[PDB]
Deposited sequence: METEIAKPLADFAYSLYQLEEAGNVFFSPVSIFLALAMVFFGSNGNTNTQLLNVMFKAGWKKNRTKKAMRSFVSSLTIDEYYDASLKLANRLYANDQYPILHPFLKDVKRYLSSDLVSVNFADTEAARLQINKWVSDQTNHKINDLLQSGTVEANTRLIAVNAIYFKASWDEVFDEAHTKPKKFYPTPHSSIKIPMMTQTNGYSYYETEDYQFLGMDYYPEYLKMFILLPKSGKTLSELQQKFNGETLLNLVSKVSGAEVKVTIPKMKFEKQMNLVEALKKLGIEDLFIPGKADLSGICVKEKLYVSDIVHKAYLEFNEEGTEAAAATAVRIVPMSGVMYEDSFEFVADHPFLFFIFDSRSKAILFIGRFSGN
């Protein structure tokens, strides 16, 4: 549980810094995807994986997460031609509640459609078309598709009649008028010279969303180069706040190969060089594409003093495991 939290949060931020005005993804979803190939990898492939996200222990994390709903859709799709080692299929289910499925890549479009529909199922049809065309090819060996579906009501829902459009400042010069939610209520709170830090509970209340709102004459960009830690900000919160935050919708699809390459994971995507001998010994597998989509709303109702009217960072936190389920940024597009 907590043993995973610290390298998970360090991985979360590292990817967040490689990122575009608004950002939204699930560190946990990608981290368990990496977990799957780590389990199946050896040699240099496995070392670059191990050095990236730092035997598991994650089976302790996975058991934490379920029971509103939180559903993981973590899955490898392996070309038909390849026999797959049985211990890997057992461990990936036992310790990660994930699996590898052998699939007919002949008829590339139909396989792609079957996968996107599988992903739709586990995401109550809110993560759809996760695979874009030309991510699968009749000779593709291994693709990883990756998402978490999170639906939860605010502990303290907003009164829709107070949702007034207000000025939001991508930069102190410029301005754009957007719908914002307001209410006055009890919230977790902490403050420095440089930012405010707000906690908004979901229900159940160990699910919370957090916002780091830069104060004073500091922009998000300069502040970002000073974290993360985010997990420590957790420990320091204690307050009644009048909260005004944008009411918005995040739907980010991301092909992660280039970010993960930049992070130091490379052999995994190189044919011939990738070592997935723990998945298939009778043929050379390699990852053509890891694809991730993340959906989430700032809604009066939840997912689907403090005025967040300039750029801010946000993350969705599970206090049980201390896991950063989602991390993101809102800059006004």
In deposited-sequence numbering, the unmodelled segments run 1, 21, 54, 58-69, 83, 245, 256-257, 324-344
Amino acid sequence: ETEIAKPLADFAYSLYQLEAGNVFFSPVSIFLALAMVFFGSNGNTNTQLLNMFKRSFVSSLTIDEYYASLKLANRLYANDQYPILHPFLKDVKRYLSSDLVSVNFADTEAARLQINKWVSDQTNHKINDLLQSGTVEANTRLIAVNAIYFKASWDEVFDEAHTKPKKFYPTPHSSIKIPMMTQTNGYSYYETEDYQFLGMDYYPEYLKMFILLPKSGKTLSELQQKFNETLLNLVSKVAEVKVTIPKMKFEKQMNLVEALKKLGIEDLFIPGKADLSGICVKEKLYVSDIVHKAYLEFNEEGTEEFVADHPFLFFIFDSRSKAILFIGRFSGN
From here on, numbers count along this sequence of modelled residues.
Quick note on 143-151 and 169-177: per-entry mean CA temperature factor is higher in 169-177
Highest CA B factor of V307, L34, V287, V281, as deposited, is found at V281
Among the modelled residues of its chain, the C-alpha B-factor of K226 falls in the third labelled highest
Quick tally, chain-level thirds of C-alpha B-factors: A294 sits in the lowest
Quick tally, chain-level thirds of C-alpha B-factors: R75 sits in the middle
For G272, the third of its chain by CA B-factor is the highest
Chain thirds by Cα B factor, record data; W118 belongs to the highest
